[PDB]
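Below, in structure tokens: the form deposited in one PDB entry, a single chain.
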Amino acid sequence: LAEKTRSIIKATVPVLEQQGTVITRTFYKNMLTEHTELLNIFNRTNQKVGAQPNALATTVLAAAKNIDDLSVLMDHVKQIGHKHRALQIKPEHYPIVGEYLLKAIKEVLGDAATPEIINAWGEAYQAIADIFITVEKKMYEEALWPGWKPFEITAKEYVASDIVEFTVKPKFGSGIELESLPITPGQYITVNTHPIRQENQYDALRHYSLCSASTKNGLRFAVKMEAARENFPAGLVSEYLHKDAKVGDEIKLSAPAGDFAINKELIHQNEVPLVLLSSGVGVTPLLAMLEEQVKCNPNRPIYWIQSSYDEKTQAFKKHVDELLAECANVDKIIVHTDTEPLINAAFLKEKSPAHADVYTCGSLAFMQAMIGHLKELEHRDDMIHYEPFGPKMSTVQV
């Protein structure tokens, strides 16, 4: 809607494409300096030293390039919406983001941002914001339970030298029944914690993938310890969960979220193989999926490709071997990067079939590298699914 508006928006594509991240960095710095209450929601680390500014810049760019038809973006809007919904973002949060976005645009564009250009962006923001609010309302409706609910930590077990699997059960009166919780392998939960070390003053929200779609004996997720290396601090919430949150303590969770999921129609057939490709703690939702595959159809050709620094840091070794031993047609491919090369294109060409249903998960950089290889091996987009442990929109070409 609005024809002169849409040309104005399009005329800013070049600045967003080349300077978009100057805009988004200014945005975060101003909004969070001026509005420290949002530090209870935004992950300081992703913006100051992570890829959050690139995720936003790419999304704003995609919206500007598709201003005539925003429906093109719906898969990205749903992906982001699942995170917003898990984080408890509501309609009444949207106007402040719009204020600060328009202000960052004005600041960066300078004399190249007249009132008409700003007005148009206000209009574009309203239309884009209305879409997200709508998707998210649906997600609030479908959520398995409402808002943050209290769980008790019932177990904490090392699944590698530096990865701890948490088992959580809902506190009685949370209205949550473990036997009546349909999980799709690939989903993550979100914790709302308030770490006490490092002079922390804010809540800290983090996503952790579910290790299993079985819930009867509690929900399970695994946290890698982001330890302190001379200079930079230990990861705030991973440290808090490893060292401070004991068995018996309460932790707050919002309901399972996310669009990462194994293709349900391909589970039960044998012609199309499954490739599960992980790095480090990225293994966690892939274990969930391997579990589902093996329980539903153990005859499917499966390729388990798992990279880690070394054997002690390789997570779920016994678990994975036991699941794999049940499969009649499996290749297990383990990489240890302390000695062995980082998985490259030739490795993938040699160790996995040309036409496969591929699910890959790990750090944003590992995802960027692996997608680049899978595209270079001519895999079709619709057979590559991935979940970066960070902002997915920083991994997408717009």
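Each form is matched to the other, and the largest set of C-alpha atoms that superpose within 1.5 Å is called the rigid core. Start at 1 with the first residue shown and count on from there.
Not on display, but discussed next: the form deposited in another entry.
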Exercise for the section: Tell me, with the core superposed, which single residue in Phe132, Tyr100, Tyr240, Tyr94 has its C-alpha moved by at least 2 Å between the shown form and the other one. Expected result: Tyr100
Exercise for the section: Determine whether the C-alpha of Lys29 shifts by 2 Å or more between the shown form and the other one once the rigid core is superposed. Expected result: yes
Handout entry: Flag for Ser363, CA shift 2 Å or larger between the shown form and the other one after aligning core
Key = no
Exercise for the section: Classify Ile267 as shifted (yes) or not shifted (no) between the shown form and the other one, where shifted means its C-alpha moves by 2 Å or more with the rigid core superposed. Expected result: no
